[PDB]
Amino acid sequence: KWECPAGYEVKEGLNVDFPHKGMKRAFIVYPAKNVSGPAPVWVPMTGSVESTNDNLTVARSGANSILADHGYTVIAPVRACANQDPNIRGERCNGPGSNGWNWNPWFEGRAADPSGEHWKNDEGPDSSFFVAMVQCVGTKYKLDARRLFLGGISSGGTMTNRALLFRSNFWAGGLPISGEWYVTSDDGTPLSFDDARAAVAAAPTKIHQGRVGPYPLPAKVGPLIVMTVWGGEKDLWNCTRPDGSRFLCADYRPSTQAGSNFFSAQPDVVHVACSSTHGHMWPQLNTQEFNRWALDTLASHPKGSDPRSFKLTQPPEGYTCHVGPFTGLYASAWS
């Protein structure tokens, strides 16, 4: 299952012109340190505005590349809209998607109009690119097939949710940090930002369909561990209109709740709901302790492990986590 497009030579560092579905893609590889044998894999994804390079090396953005020093082979995809440039920030990426896609940074959700119909049933080019990427790197570095994890922030977090829903038989788990769910009605009807938000508030513990994934969502997914993170009361995102003004267009309380609801109900999935107070950005409090804790937590549940034997350890100061759905975002019915 390890293979590269014929003639592709994978290398440490930046890899460009990787052929996938008629596209030329790029990604950066940081081989694990202090490891004998197959290494667990971390696939970090930036959001709408930070570059992949920022995500990988700027402290306040997560400095994800450092996990290679923590013993993970890090394989970082560059967003399609960045045209293979790991330094592109919001240029041509931070805005509405095209061709049926809701948001441009990653092919992470179907658009609200009929042009998104097709993606109800098709993973999209990022989800499949990520699998081929990891399969290709593994012909050159020893990767632990039971510990392929991906994760990201904001749009990268929405892409993580999507990837998990369409490829739950590949990834061992993931870390969607303030990712959307794009809640829709049970019949798949896209809902406005306001209605999507009201729909979860009216039924905070139910399973909500969403444009982030297959429609209808899958009845059963492969074995996984998923850790969804909510950045508290200010974890919200305001879009920027062409005239440069801003308006609220995403609230992560309902989307983190909705994902925790779907994943917690799955029998072969361990779901950890984590809350912090840093807002909408990469976890800011004790950032590296958090990255280390989060990934080693994911790694403690190799693919196919029994959810009953999972044991959560305490997170760094500034984080509240527990197994199961979020319970602190909305009042319980028992009032």
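From 1 onward, residues are counted along the sequence shown.
Of 319-327 and 6-14, the stretch whose C-alpha atoms average the higher B-factor in the entry: It is 6-14 that shows the higher mean C-alpha B-factor.
Stretch with the greater mean C-alpha B-factor as recorded in the entry, comparing 193-201 against 146-154: Stretch with the greater average CA B-factor: 193-201.
C-alpha B-factor winner, where the candidates are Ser51, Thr57, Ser305, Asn291: Across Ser51, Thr57, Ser305, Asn291, the entry lists the biggest C-alpha B-factor for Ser305.
Member of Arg167, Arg79, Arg241, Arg211 with the greatest C-alpha B factor (per the PDB record): If I rank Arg167, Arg79, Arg241, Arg211 by C-alpha B-factor, first place goes to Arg241.
Chain-wide C-alpha B factor ranking for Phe27, given as lowest, middle or highest third: According to the entry, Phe27 has a C-alpha B-factor in the chain's lowest third.
For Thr184, the third of its chain into which the C-alpha B factor falls: It belongs to the middle third of the chain when residues are ordered by C-alpha B-factor.
Entry-reported Cα temperature factor of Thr160, expressed as the chain third it lands in: For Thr160, whose C-alpha B-factor we compare with every modelled residue in the chain, the answer is the lowest third.
B-factor third for the C-alpha atom of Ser264 within its chain: Within its chain, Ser264 is a middle-third residue by C-alpha B-factor, going by the deposited values.
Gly62 - Cα temperature factor, lowest/middle/highest third of chain: Middle third of the chain for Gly62's C-alpha B-factor.
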